[PDB]
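Peer 1: Would you mind keeping the following structure in view while I ask a few things?
Just so you know, all these numbers are worked out from the coordinates, no wet-lab data involved. Here Cβ is always computed from backbone atoms with ideal geometry, including for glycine, and neighbour counts include all displayed protein chains.
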Number of protein chains: 2
Amino acid sequence: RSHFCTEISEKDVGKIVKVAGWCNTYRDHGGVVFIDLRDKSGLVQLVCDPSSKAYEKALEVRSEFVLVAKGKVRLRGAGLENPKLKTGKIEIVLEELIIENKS
Amino acid sequence: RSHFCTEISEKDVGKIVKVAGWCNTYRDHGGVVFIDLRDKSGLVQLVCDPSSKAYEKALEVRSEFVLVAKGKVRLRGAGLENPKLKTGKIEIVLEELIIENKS
């Protein structure tokens, strides 16, 4: 059972959640993949590094790809909170990712 | 295998296709459900009537819900073609539908 993006907050840290949406922004810096996932409610940040089983799939993501993602909620890094997002204090550590469109 | 929404064309008439996207517009008229499904490639029309197994699920659709749909491609009926859309000569008769968000 999924959450809408903005139903996830600092209250959910430690929980495993499922979200479904589309890629608003994909970013890759220092080997770490950051995906802003958009759904009807708004945005949540997915984070994936090479130790995750989802990483290879995460690397194929492009803007507007349809994604169904599962992972654990955690706080964003020190000084990395985004005050303009409802979910801006947290991110989802990506454990599983399905790209519903082709590759 | 999915097609991107606007990869579906006249050459696909009669074939079964799978598409994934979000609801751009939901319309219900005369008991028939019309969904403009949007993905990275653009829009395609899904059509669903009460004789479809996917009808009860289709009734739950709202704008911006993430959908994964399967159905048969056909020509839009005479006079119903929409030349303002790439896929405007065709539509998908909905046979199966999954709503990936909570509905």
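Residues checked against (1) over 15 Å from A:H3 (Cβ atoms); (2) assigned to a loop (DSSP other than H, G, I, E, B); (3) away from chain B (no Cβ under 14 Å); (4) more than 14 Å from the chain's Cα centre (by Cα):
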{"position": "A:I35", "(1), (2), (3), (4)": "yes, no, yes, no"}
{"position": "A:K53", "(1), (2), (3), (4)": "yes, yes, yes, yes"}
{"position": "A:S63", "(1), (2), (3), (4)": "yes, yes, no, no"}
{"position": "A:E81", "(1), (2), (3), (4)": "yes, yes, yes, yes"}
{"position": "A:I92", "(1), (2), (3), (4)": "no, no, yes, no"}
{"position": "A:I98", "(1), (2), (3), (4)": "yes, no, no, no"}
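Peer 1: Could I ask something else about it? Can you confirm whether B:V61 is hydrophobic (A, V, I, L, M, F, W, C) and in contact with a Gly (Cβ under 9 Å, 6 or more places away or on another chain)?
Peer 2: Against the criterion (hydrophobic (A, V, I, L, M, F, W, C) and in contact with a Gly (Cβ under 9 Å, 6 or more places away or on another chain)), B:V61 does not qualify.
Peer 1: Which of the residues belonging to the range B:5-33 are assigned to a loop (DSSP other than H, G, I, E, B) and surrounded by fewer than 17 Cβ atoms within 10 Å (Cβ to Cβ)?
Peer 2: B:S9, B:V13, B:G14, B:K15, B:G30, B:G31
Listed here are the residues, each with its yes/no results for (1) under 18 Å from B:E100 (Cβ atoms); (2) surrounded by 18 or more Cβ atoms within 10 Å (Cβ to Cβ).
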| position | (1), (2) |
| --- | --- |
| B:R38 | yes, yes |
| B:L43 | no, yes |
| B:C48 | yes, yes |
| B:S51 | no, no |
| B:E56 | yes, no |
| B:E60 | yes, no |
| B:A69 | yes, yes |
| B:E81 | no, no |
| B:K86 | no, no |
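Peer 1: Does any residue in the range B:1-21 that is without any contact (Cβ under 8 Å) to a residue 60 or more places away in the chain and facing another protein chain (nearest Cβ under 9 Å) come within less than 9 Å, Cβ to Cβ, of a residue that is crowded, with 17+ Cβ neighbours inside 10 Å and part of a helix (DSSP H, G or I) six or more places away or on a different chain, and which pairs are these?
Peer 2: Sorted first by the residue in the range B:1-21, then by its partner, the pairs are B:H3/B:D12; B:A20/B:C5; B:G21/B:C5.
Peer 1: Of the residues in the range A:65-79, how many are assigned to a loop (DSSP other than H, G, I, E, B) and within 14 Å of chain B (Cβ to nearest Cβ)?
Peer 2: 1
Peer 1: For the range B:26-34, check the following and say yes or no: at least one residue is of a type in the set (G, A, S) and within 23 Å of A:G42 (Cα to Cα).
Peer 2: no
Peer 1: Determine whether B:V47 is more than 13 Å from chain A (Cβ to nearest Cβ) and either within 30 Å of A:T25 (Cβ to Cβ) or not in a loop (DSSP other than H, G, I, E, B) (or both).
Peer 2: It is true that B:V47 is more than 13 Å from chain A (Cβ to nearest Cβ) and either within 30 Å of A:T25 (Cβ to Cβ) or not in a loop (DSSP other than H, G, I, E, B) (or both).
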